[PDB]
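Encoded as structure tokens, the structure appears first; notes follow it.
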Amino acid sequence: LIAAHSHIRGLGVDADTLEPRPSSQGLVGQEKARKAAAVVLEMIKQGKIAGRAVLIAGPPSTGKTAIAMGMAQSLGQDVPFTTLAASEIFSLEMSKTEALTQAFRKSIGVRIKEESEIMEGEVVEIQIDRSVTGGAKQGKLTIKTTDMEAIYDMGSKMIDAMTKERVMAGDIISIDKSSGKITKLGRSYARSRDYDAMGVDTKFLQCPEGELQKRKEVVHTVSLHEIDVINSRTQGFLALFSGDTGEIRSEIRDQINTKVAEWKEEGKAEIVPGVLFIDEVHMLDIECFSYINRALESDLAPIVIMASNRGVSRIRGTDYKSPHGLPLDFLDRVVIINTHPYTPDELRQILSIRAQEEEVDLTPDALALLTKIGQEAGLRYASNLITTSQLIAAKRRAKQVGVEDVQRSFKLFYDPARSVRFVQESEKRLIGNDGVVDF
Amino acid sequence: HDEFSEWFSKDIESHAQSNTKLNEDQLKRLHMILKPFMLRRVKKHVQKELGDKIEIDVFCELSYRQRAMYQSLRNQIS
Ligand SMILES: Nc1ncnc2c1ncn2[C@@H]1O[C@H](COP(=O)(O)OP(=O)(O)O)[C@@H](O)[C@H]1O
């Protein structure tokens, strides 16, 4: 569907000069922060430099998460990109520091390569021997391509997969020999006229040619957190999905770091360093910063990019204030990129992009009035007015939206600048910090 | 053959003429010598029955552990 960051298709800079284009790939209307984020993106794609800190500071509704999603769309589905929010760390299951350690180790991909052995061909006969009331199974599978005619054997798991798949005579199946999955591709004969509970006639494929035992080289990318969970527990796997991981001791991490270094040297694995994005870091207390400053000290730390909103705020868990709510022993390590509020000739084209994304057609008078509203209430009210005016124009059966639809939507739904006045007018029929009356 | 000790000086410059094949002191003298004492039937007389044989040279590398032990041996000669 159409979320609030679906129009963005990357960061929109040059590849040779990385100059900020004034209108390219959604992120339209800002030049300094997009150029600096392009530099950060290039030193992430280099992968050499480890353990930095980028702080995208600025007023709200200025496109900070938009720049973050622009870097996310620009890396593709290769490099990990954790979209961590700062309130998720405060768990009750695990400690507050170990949640940060997992959040760092989720953003270091390990890309390994392994050889599987796939089969191909037409099943000629199945032969299954079963015991009575519990016991082992025996299996002989005769399979034929256009060239070879093999009679393979089977174990218990292969028969448990065959009966799960219901592989009859005359099926084009492909068995991965290593993993042990069975995917029926279709049939070569037709459906028999002797049995009732047979099934559905599948796709008509011919007999495959070539060889039986073919080899394949697959590439598997796991984060370090998955390696930590599968090597921290004897049988309790799958806890890396259902979040049941209590604590991983340090003896496990100091062995997995060494084994990943050995896999890096052997040419088995490759370490792909990633991005940890922390949205609204001002909610973390000082007990988190006293670990974040020291986890950025090793070869396995991701390049942290994080946002903020606040001016001189007080740090949680303390008694004193600081710029951005972050301590001044942590603000030495970071590098702060500022963002600026917008200009109306940029708000016009941003609302034009948001209107063309949600498939809404406009008139220039309505767009001028909409820009006039967006000057005084931000983009977050104007985009909602776009969608609302689209549906009100759909209610009265109009092709394009007009001035009257925007005025209707402005009359119905208040911007916060009028809701503050609505609070400040009737203070006697709203619960403040005190009592309230009823007429 | 102890006159061929002076030709053993020739034999060490036989390495030097494996570098530098531009000498003729013993070869024509060996043509005098090897008209007796030897009788050569060649591969060309016999490989004309056969087909062909071709050497293919394939290079390799050293792994990290392998190069690490090799320069551990170079530290051992150090
Ligand atoms: N430069 C921009 N280009 C494209 N869209 C933008 C830009 N700036 C803001 N927006 C839009 O405005 C909205 C607010 O941006 P966002 O990053 O969520 O603000 P904040 O940083 O305050 O959370 C986003 O939905 C985004 O689509």
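Scheme for the structure tokens: letters A, B, ... for chains in order shown; per-chain residue numbers from 1; ligand numbers from 1 in order shown.
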Quiz item: Mind checking DSSP for segment 190-400 of chain A and telling me the helix (DSSP H, G or I) residues as a PyMOL selection string?
Solution: chain A and resi 224-232+250-265+281-283+286-295+344-357+364-377+379-395
Practice problem: Return the neighbours of chain B among the residues of chain A, cut-off 12 Å, counting only C-alpha atoms, as a ChimeraX atom specification. | Solution: /A:261-268
Quiz prompt | At most 7 Å from ligand 1 (only C-alpha atoms and all ligand atoms): residue list as a list in words | solution =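 With only C-alpha atoms and all ligand atoms and a cut-off of 7 Å, ligand 1 is contacted by residues 4, 5, 8, 26, 27, 28, 29, 30, 59, 60, 61, 62, 63, 64, 65, 66, 67, 350, 379 and 380 of chain A.
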Please provide the set of residues having any atom within 12 Å of residue 25 of chain B, restricted to only C-alpha atoms, with same-chain residues fewer than 3 positions apart removed, written as a short mmCIF file (atom, residue, chain, number, x, y, z; two decimals) with N, CA and C atoms, in the first residue's frame.
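What landed in selection-v4.cif:
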```
data_model
loop_
_atom_site.label_atom_id
_atom_site.label_comp_id
_atom_site.auth_asym_id
_atom_site.auth_seq_id
_atom_site.Cartn_x
_atom_site.Cartn_y
_atom_site.Cartn_z
N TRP B 7 87.29 -30.60 -17.98
CA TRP B 7 85.96 -30.41 -18.55
C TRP B 7 84.85 -30.49 -17.51
N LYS B 10 84.38 -27.19 -17.49
CA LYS B 10 83.36 -27.04 -18.55
C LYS B 10 81.96 -27.41 -18.05
N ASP B 11 81.86 -28.39 -17.15
CA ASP B 11 80.55 -28.84 -16.68
C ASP B 11 79.90 -27.82 -15.76
N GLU B 13 80.64 -24.48 -16.17
CA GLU B 13 80.16 -23.52 -17.15
C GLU B 13 79.16 -24.15 -18.11
N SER B 14 78.79 -25.41 -17.93
CA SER B 14 77.65 -25.96 -18.64
C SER B 14 76.36 -25.44 -18.04
N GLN B 17 76.50 -22.05 -19.50
CA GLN B 17 76.07 -22.03 -20.88
C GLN B 17 74.65 -22.55 -21.05
N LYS B 21 74.30 -20.28 -24.26
CA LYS B 21 74.68 -21.27 -25.28
C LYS B 21 75.42 -20.67 -26.46
N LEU B 22 76.69 -20.29 -26.29
CA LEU B 22 77.47 -19.79 -27.42
C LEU B 22 78.91 -20.29 -27.37
N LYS B 28 81.77 -30.70 -30.80
CA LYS B 28 82.34 -31.35 -31.98
C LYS B 28 83.33 -32.45 -31.60
N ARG B 29 84.04 -32.27 -30.48
CA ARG B 29 84.88 -33.34 -29.95
C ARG B 29 84.03 -34.50 -29.47
N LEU B 30 82.84 -34.22 -28.94
CA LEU B 30 81.92 -35.31 -28.62
C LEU B 30 81.33 -35.95 -29.86
N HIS B 31 81.15 -35.19 -30.95
CA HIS B 31 80.74 -35.79 -32.22
C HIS B 31 81.79 -36.77 -32.72
N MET B 32 83.06 -36.43 -32.50
CA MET B 32 84.12 -37.41 -32.70
C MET B 32 83.98 -38.59 -31.74
#
```
Quiz item: What does the distance from atom CA of residue 291 of chain A to atom CA of residue 100 of chain A come to in Å, to one decimal?
Solution: 8.2 Å
Quiz item: Of the candidates A:232, A:245, A:25, A:46, which one gets nearest to residue 94 of chain A if we count only C-alpha atoms?
Solution: A:245
Exercise. Within 6 Å of segment 205-211 of chain A, counting only C-alpha atoms, which residues show up once you throw out same-chain ones fewer than 2 positions away? Write them as an MDAnalysis selection string, please.
Key: chainID A and resid 121 145:146 186:188 213
Quiz prompt | residue 162 of chain A environment, 10 Å, only C-alpha atoms, sequence neighbours closer than 4 positions dropped, as a ChimeraX atom specification | solution = /A:126,128,154,156-158,166-168,181-182
Leaving out residue 321 of chain A and any residue of its chain fewer than 6 positions from it, which residues lie within 10 Å of it when counting only C-alpha atoms, given as a short mmCIF file (atom, residue, chain, number, x, y, z; two decimals) with N, CA, C and O atoms, in the first residue's frame?
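Final output, selection21.cif:
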```cif
data_model
loop_
_atom_site.label_atom_id
_atom_site.label_comp_id
_atom_site.auth_asym_id
_atom_site.auth_seq_id
_atom_site.Cartn_x
_atom_site.Cartn_y
_atom_site.Cartn_z
N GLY A 311 15.73 20.12 21.92
CA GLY A 311 16.70 21.16 22.17
C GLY A 311 17.48 20.85 23.42
O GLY A 311 17.98 19.74 23.59
N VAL A 312 17.59 21.82 24.32
CA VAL A 312 18.23 21.57 25.61
C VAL A 312 17.24 20.79 26.46
O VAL A 312 16.31 21.35 27.03
N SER A 313 17.42 19.48 26.51
CA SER A 313 16.54 18.59 27.25
C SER A 313 17.33 17.94 28.37
O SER A 313 18.55 17.91 28.35
N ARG A 314 16.61 17.42 29.35
CA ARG A 314 17.27 16.71 30.42
C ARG A 314 17.36 15.23 30.07
O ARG A 314 16.44 14.65 29.50
N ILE A 315 18.51 14.66 30.36
CA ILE A 315 18.77 13.26 30.05
C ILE A 315 18.01 12.42 31.06
O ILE A 315 18.06 12.69 32.26
N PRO A 327 24.53 13.10 26.49
CA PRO A 327 25.61 13.56 27.36
C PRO A 327 26.82 14.04 26.57
O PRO A 327 27.09 13.59 25.46
#
```
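Taking atom CA of residue 318 of chain A and atom CA of residue 102 of chain A as endpoints, the distance between them is 25.0 Å.
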Quiz item: So which one's closest to residue 98 of chain A, A:19, A:247, A:160, A:122? Using only C-alpha atoms, please.
Solution: A:247
Quiz item: Could you state the separation of atom CA of residue 177 of chain A and atom CA of residue 165 of chain A in Å, given to one decimal place?
Solution: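 We find that atom CA of residue 177 of chain A and atom CA of residue 165 of chain A lie 15.9 Å from each other.
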Practice problem: Fewer than 6 positions away in the same chain doesn't count, so skip those; otherwise give me all residues within 10 Å of residue 125 of chain A, counting only C-alpha atoms, as a PyMOL selection string. | Solution: chain A and resi 140-144+151+167-171
How would the residues just picked look written out with N, CA and C atoms as a PDB file, in the first residue's frame?
```pdb
ATOM      1  N   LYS A 140      13.373 -47.596  -1.350  1.00  0.00           N
ATOM      2  CA  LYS A 140      14.070 -47.682  -2.624  1.00  0.00           C
ATOM      3  C   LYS A 140      13.319 -46.856  -3.651  1.00  0.00           C
ATOM      4  N   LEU A 141      14.025 -45.923  -4.271  1.00  0.00           N
ATOM      5  CA  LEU A 141      13.472 -44.973  -5.225  1.00  0.00           C
ATOM      6  C   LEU A 141      14.130 -45.159  -6.584  1.00  0.00           C
ATOM      7  N   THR A 142      13.360 -45.581  -7.577  1.00  0.00           N
ATOM      8  CA  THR A 142      13.873 -45.662  -8.935  1.00  0.00           C
ATOM      9  C   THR A 142      13.459 -44.415  -9.698  1.00  0.00           C
ATOM     10  N   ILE A 143      14.446 -43.679 -10.191  1.00  0.00           N
ATOM     11  CA  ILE A 143      14.229 -42.411 -10.868  1.00  0.00           C
ATOM     12  C   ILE A 143      14.943 -42.472 -12.213  1.00  0.00           C
ATOM     13  N   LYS A 144      14.352 -41.838 -13.224  1.00  0.00           N
ATOM     14  CA  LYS A 144      14.881 -41.890 -14.579  1.00  0.00           C
ATOM     15  C   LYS A 144      14.734 -40.537 -15.249  1.00  0.00           C
ATOM     16  N   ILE A 151      18.619 -46.393  -9.121  1.00  0.00           N
ATOM     17  CA  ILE A 151      17.842 -47.011  -8.052  1.00  0.00           C
ATOM     18  C   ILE A 151      18.494 -46.568  -6.747  1.00  0.00           C
ATOM     19  N   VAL A 167       4.341 -38.492  -3.192  1.00  0.00           N
ATOM     20  CA  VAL A 167       5.021 -38.616  -4.468  1.00  0.00           C
ATOM     21  C   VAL A 167       4.654 -39.958  -5.082  1.00  0.00           C
ATOM     22  N   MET A 168       3.826 -39.918  -6.116  1.00  0.00           N
ATOM     23  CA  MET A 168       3.393 -41.112  -6.816  1.00  0.00           C
ATOM     24  C   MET A 168       4.294 -41.383  -8.015  1.00  0.00           C
ATOM     25  N   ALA A 169       3.945 -42.411  -8.777  1.00  0.00           N
ATOM     26  CA  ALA A 169       4.706 -42.780  -9.963  1.00  0.00           C
ATOM     27  C   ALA A 169       4.396 -41.817 -11.101  1.00  0.00           C
ATOM     28  N   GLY A 170       5.425 -41.179 -11.639  1.00  0.00           N
ATOM     29  CA  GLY A 170       5.209 -40.227 -12.708  1.00  0.00           C
ATOM     30  C   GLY A 170       5.147 -38.790 -12.243  1.00  0.00           C
ATOM     31  N   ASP A 171       6.117 -38.387 -11.428  1.00  0.00           N
ATOM     32  CA  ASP A 171       6.221 -37.022 -10.945  1.00  0.00           C
ATOM     33  C   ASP A 171       7.606 -36.476 -11.237  1.00  0.00           C
TER      34      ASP A 171
END
```
